[PDB]
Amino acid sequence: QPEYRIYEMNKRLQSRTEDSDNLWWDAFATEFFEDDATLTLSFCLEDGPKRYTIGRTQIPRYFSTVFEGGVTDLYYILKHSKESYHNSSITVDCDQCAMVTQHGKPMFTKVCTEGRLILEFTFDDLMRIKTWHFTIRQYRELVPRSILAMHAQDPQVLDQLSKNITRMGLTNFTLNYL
(Lines of atoms letter the chains of each structure in order from A and count residues from 1; the text may use other names and numbers.)
(Lines give C-alpha, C1' and ligand atoms only; values in the text may rest on other atoms or scores of the structure.)
Protein backbone atom coordinates (compact mmCIF):
# COMPACT_ATOMS: atom_id res chain seq x y z
CA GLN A 1 0.00 0.00 0.00
CA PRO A 2 1.40 3.45 -0.87
CA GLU A 3 0.17 5.37 2.17
CA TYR A 4 1.59 2.59 4.35
CA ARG A 5 4.96 3.96 3.23
CA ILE A 6 3.71 7.38 4.32
CA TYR A 7 2.79 5.88 7.69
CA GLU A 8 6.16 4.14 8.02
CA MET A 9 7.64 7.60 7.46
CA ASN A 10 5.43 9.09 10.18
CA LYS A 11 6.87 6.58 12.66
CA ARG A 12 10.44 7.25 11.54
CA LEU A 13 10.06 11.02 11.98
CA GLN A 14 9.13 10.31 15.61
CA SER A 15 12.43 8.47 16.07
CA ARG A 16 14.20 11.75 15.30
CA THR A 17 16.13 13.03 18.30
CA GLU A 18 17.20 16.60 18.87
CA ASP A 19 20.70 15.23 18.15
CA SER A 20 20.00 13.75 14.70
CA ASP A 21 23.06 14.45 12.54
CA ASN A 22 23.11 14.60 8.74
CA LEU A 23 24.00 10.89 8.75
CA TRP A 24 20.59 10.07 10.23
CA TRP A 25 18.68 12.26 7.77
CA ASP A 26 20.53 10.72 4.82
CA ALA A 27 19.45 7.28 6.04
CA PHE A 28 15.92 8.68 6.35
CA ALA A 29 15.84 9.85 2.72
CA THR A 30 17.52 6.71 1.39
CA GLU A 31 14.75 4.70 3.05
CA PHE A 32 11.84 6.51 1.36
CA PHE A 33 13.26 8.44 -1.64
CA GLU A 34 14.80 7.12 -4.84
CA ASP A 35 18.31 8.21 -5.79
CA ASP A 36 16.75 10.53 -8.40
CA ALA A 37 13.96 11.89 -6.19
CA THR A 38 12.87 15.52 -6.42
CA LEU A 39 10.87 17.60 -3.95
CA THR A 40 8.72 20.54 -5.05
CA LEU A 41 6.94 23.12 -2.87
CA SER A 42 4.50 25.70 -4.26
CA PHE A 43 3.17 28.64 -2.26
CA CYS A 44 1.92 32.24 -2.64
CA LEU A 45 3.97 34.37 -0.23
CA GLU A 46 4.30 38.00 -1.33
CA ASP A 47 6.75 38.70 -4.15
CA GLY A 48 4.50 36.67 -6.45
CA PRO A 49 3.52 33.01 -6.74
CA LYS A 50 6.66 30.93 -6.42
CA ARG A 51 7.83 27.37 -6.97
CA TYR A 52 10.99 25.69 -5.69
CA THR A 53 12.50 22.29 -6.49
CA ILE A 54 15.33 20.40 -4.79
CA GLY A 55 17.14 17.18 -5.66
CA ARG A 56 17.96 13.93 -3.93
CA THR A 57 21.03 15.22 -2.07
CA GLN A 58 19.11 18.34 -0.98
CA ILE A 59 16.11 16.39 0.40
CA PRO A 60 17.69 15.16 3.67
CA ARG A 61 18.56 18.78 4.41
CA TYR A 62 14.97 19.87 3.73
CA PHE A 63 13.41 17.70 6.44
CA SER A 64 16.32 18.67 8.69
CA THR A 65 15.52 22.39 8.45
CA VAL A 66 11.88 22.01 9.52
CA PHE A 67 13.03 20.81 12.96
CA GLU A 68 15.67 23.58 13.20
CA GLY A 69 13.42 26.04 15.01
CA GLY A 70 12.02 24.48 18.16
CA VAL A 71 9.88 21.96 16.26
CA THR A 72 9.64 18.69 18.19
CA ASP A 73 7.43 16.55 15.93
CA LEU A 74 6.37 16.35 12.29
CA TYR A 75 3.70 14.10 10.79
CA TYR A 76 1.44 14.12 7.74
CA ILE A 77 -2.34 13.70 7.89
CA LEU A 78 -3.84 12.48 4.61
CA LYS A 79 -7.58 13.10 4.33
CA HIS A 80 -9.28 11.70 1.21
CA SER A 81 -6.20 10.61 -0.72
CA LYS A 82 -6.89 9.67 -4.34
CA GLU A 83 -4.50 7.08 -5.70
CA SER A 84 -3.76 6.23 -9.32
CA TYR A 85 -1.44 3.46 -10.49
CA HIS A 86 0.52 2.92 -13.65
CA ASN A 87 2.62 0.07 -15.03
CA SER A 88 5.77 1.33 -13.29
CA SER A 89 4.50 4.29 -11.24
CA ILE A 90 2.09 4.93 -8.37
CA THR A 91 0.59 8.40 -7.98
CA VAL A 92 -1.01 9.45 -4.68
CA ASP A 93 -3.16 12.58 -5.02
CA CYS A 94 -4.24 13.93 -1.62
CA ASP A 95 -6.15 17.21 -1.78
CA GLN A 96 -6.62 17.37 2.02
CA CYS A 97 -3.10 17.00 3.41
CA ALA A 98 -1.86 18.77 6.55
CA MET A 99 1.83 19.11 7.41
CA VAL A 100 1.69 19.30 11.22
CA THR A 101 4.70 20.61 13.14
CA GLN A 102 4.46 20.73 16.94
CA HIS A 103 6.73 23.36 18.48
CA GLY A 104 8.25 23.41 21.95
CA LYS A 105 9.08 26.07 24.52
CA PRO A 106 8.15 28.79 25.06
CA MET A 107 4.72 28.48 23.39
CA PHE A 108 3.93 24.92 22.30
CA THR A 109 2.32 26.19 19.11
CA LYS A 110 0.86 23.58 16.75
CA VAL A 111 0.94 24.53 13.06
CA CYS A 112 -1.36 22.81 10.55
CA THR A 113 0.03 23.52 7.07
CA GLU A 114 -2.80 22.42 4.78
CA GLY A 115 -2.63 21.94 1.04
CA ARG A 116 -2.51 19.49 -1.83
CA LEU A 117 0.23 16.84 -1.88
CA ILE A 118 1.11 14.73 -4.92
CA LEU A 119 3.49 11.77 -4.73
CA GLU A 120 4.77 9.53 -7.53
CA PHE A 121 5.86 6.16 -6.16
CA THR A 122 7.99 3.53 -7.86
CA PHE A 123 6.29 0.17 -8.44
CA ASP A 124 9.18 -1.78 -6.86
CA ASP A 125 9.66 -3.49 -3.49
CA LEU A 126 11.39 -0.42 -2.08
CA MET A 127 8.46 1.69 -3.36
CA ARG A 128 10.31 4.94 -2.73
CA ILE A 129 9.20 8.45 -3.59
CA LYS A 130 10.36 9.77 -6.95
CA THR A 131 8.41 13.08 -7.00
CA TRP A 132 7.18 15.14 -4.03
CA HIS A 133 4.88 18.07 -4.87
CA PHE A 134 3.14 19.88 -2.00
CA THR A 135 1.00 22.86 -3.02
CA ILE A 136 0.22 25.09 -0.03
CA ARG A 137 -3.15 26.83 0.24
CA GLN A 138 -3.34 27.87 3.89
CA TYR A 139 -1.92 27.23 7.35
CA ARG A 140 -3.82 26.93 10.63
CA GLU A 141 -2.03 27.74 13.89
CA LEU A 142 -3.23 26.54 17.29
CA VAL A 143 -2.06 27.44 20.81
CA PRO A 144 -2.65 25.13 23.81
CA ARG A 145 -5.20 26.47 26.27
CA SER A 146 -2.62 26.07 29.05
CA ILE A 147 -0.42 28.72 27.42
CA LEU A 148 -3.34 31.14 27.24
CA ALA A 149 -3.65 30.83 31.04
CA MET A 150 -0.06 31.25 32.27
CA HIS A 151 1.14 33.35 29.33
CA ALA A 152 -1.01 36.24 28.16
CA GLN A 153 -3.17 35.80 31.25
CA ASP A 154 -5.92 37.77 29.54
CA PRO A 155 -5.45 41.08 27.69
CA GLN A 156 -1.67 41.47 27.51
CA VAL A 157 1.16 40.18 25.27
CA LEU A 158 -1.58 39.13 22.84
CA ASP A 159 0.46 40.46 19.92
CA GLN A 160 2.79 37.50 20.33
CA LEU A 161 -0.33 35.32 20.60
CA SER A 162 -2.12 37.08 17.72
CA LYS A 163 0.84 37.18 15.34
CA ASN A 164 1.92 34.03 13.55
CA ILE A 165 5.34 32.46 14.09
CA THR A 166 5.49 30.65 10.75
CA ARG A 167 5.12 31.88 7.16
CA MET A 168 2.56 30.15 4.93
CA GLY A 169 2.99 27.02 7.07
CA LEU A 170 6.79 26.83 6.81
CA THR A 171 8.98 28.38 9.51
CA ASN A 172 11.50 31.24 9.15
CA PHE A 173 14.37 28.70 8.96
CA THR A 174 13.25 26.90 5.77
CA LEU A 175 13.11 29.91 3.39
CA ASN A 176 16.67 31.26 3.26
CA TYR A 177 17.80 27.69 2.63
CA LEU A 178 15.30 27.25 -0.22
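The first residue of the shown sequence is 1; numbering continues from there.
> On average, which has the higher Cα B-factor in the deposited entry, 73-81 or 104-112?
Looking at the recorded C-alpha B-factors, 104-112 comes out higher on average.
> Quick check on the record: does 27-35 or 148-156 carry the larger mean Cα temperature factor?
Here the higher of the two C-alpha B-factor means belongs to 148-156.
> Looking at 117, 44, 142, 66, which one carries the largest C-alpha B-factor according to the PDB entry?
Answer, based on the entry's C-alpha B-factors: 44.
> In terms of the chain's CA B-factor thirds, is residue 177 lowest, middle or highest?
CA B-factor rank for residue 177: highest third.
> Give the position of residue 130 by CA B-factor within its chain, expressed as the lowest, middle or highest third.
Lowest third of the chain for residue 130's C-alpha B-factor.
> What third of the chain does residue 51 rank in for C-alpha temperature factor, lowest, middle or highest?
According to the entry, residue 51 has a C-alpha B-factor in the chain's middle third.
> Would you check the entry's CA temperature factor for residue 164 and let me know if it's in the chain's lowest, middle or highest third?
Residue 164: CA B-factor falls in the highest third of its chain.
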